[PDB]
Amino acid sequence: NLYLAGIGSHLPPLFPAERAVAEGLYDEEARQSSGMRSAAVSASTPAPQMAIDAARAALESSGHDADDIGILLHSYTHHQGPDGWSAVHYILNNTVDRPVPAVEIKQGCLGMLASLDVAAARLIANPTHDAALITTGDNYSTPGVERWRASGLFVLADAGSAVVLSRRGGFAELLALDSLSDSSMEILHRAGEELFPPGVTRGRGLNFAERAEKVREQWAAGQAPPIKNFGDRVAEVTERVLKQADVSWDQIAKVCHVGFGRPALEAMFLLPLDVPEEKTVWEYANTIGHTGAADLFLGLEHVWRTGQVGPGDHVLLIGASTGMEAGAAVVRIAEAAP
């Protein structure tokens, strides 16, 4: 058995979408169609400091100590600090400070699920420590990033999140975790770009909307749109993990999904899975936005700490990252939150 022993987060102030429109950051008619109410925005907290904050909260509510942590896994989507500097070792130094391994994992918005999968396999194959620490953090307040316009699908958001995974107990049990790729979709996020030299070394950043426009111009006629590929894989991986967990939709109380705008959320997740509206976390997600890799665990912590799920309830975590890859987990809530 593997459990989530502690969970924690760093959530910056929520910037109202109204105010973004008022200040010329966000198009009024994008606000109208997305349904976004606000996004978490950190003016100046380094992404690794957000991870440290979340990790300290998760550890000291976990009932485990630093000596229980066999590895630290940090994931992210956006730059973390000086090139060639190890953010994950900075996090280790300010959280656990034991000579255990510190590794960075990247899988887009699935970074925390990928990290959880690595930690699970290690806790099964390595007897040395009872627990593992998984963190993430990202801050999009960097030169030239327009967080409200970079993509037409979502607003970029800043946050940190962390979980302690443990073989000896916790507040929720991890029942299943799996993922599957459709790597033919990789081209979507390089359309119109030169691979070499990489764009950031040439002043090119998160121009997702531009890349998507190139995709529309170039999309071969008679080809199902890419959203179908994404939604089909989302449905497949969810069916697989429910089967692996031996739980039915009947038993799923909440679906913790990414913080996309409503049209993309529906097309990629809610419609392919036919999610009942009461099982979504829409009215939370539309105040946060799309963090690098924290969305699923911010949603889990929210529905647990507000009492919307309790012992015996099951929660589905579902995301889809660039590449593309669809990933899901099923957890069983075992304890009520304080």
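Residue numbers here begin at 1 and follow the sequence given.
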| query | Given the B-factors recorded for C-alpha atoms, which segment has the greater mean, 176-184 or 221-229? | reply | 221-229
| task | Pick between 49-57 and 300-308: the one whose mean CA B-factor in the entry is higher. | result | 300-308
| request: Please work out which residue in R202, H79, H257, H74 has the highest C-alpha B-factor recorded for this crystal structure. | output: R202
| query | Between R216, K106, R147, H89, which carries the biggest CA temperature factor in the record? | reply | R216
| note | The third of the chain into which the C-alpha temperature factor of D138 falls is the lowest
| Where does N126 sit by CA temperature factor within its chain: lowest, middle or highest third? | highest
| request: Classify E194 as lowest, middle or highest third according to the C-alpha B-factor given in the PDB entry, relative to its own chain. | output: highest
| query | Lowest, middle or highest third: where is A40 by Cα B-factor in its chain? | reply | lowest
| remark: By the entry's values, the third containing the CA B factor of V155 is the lowest
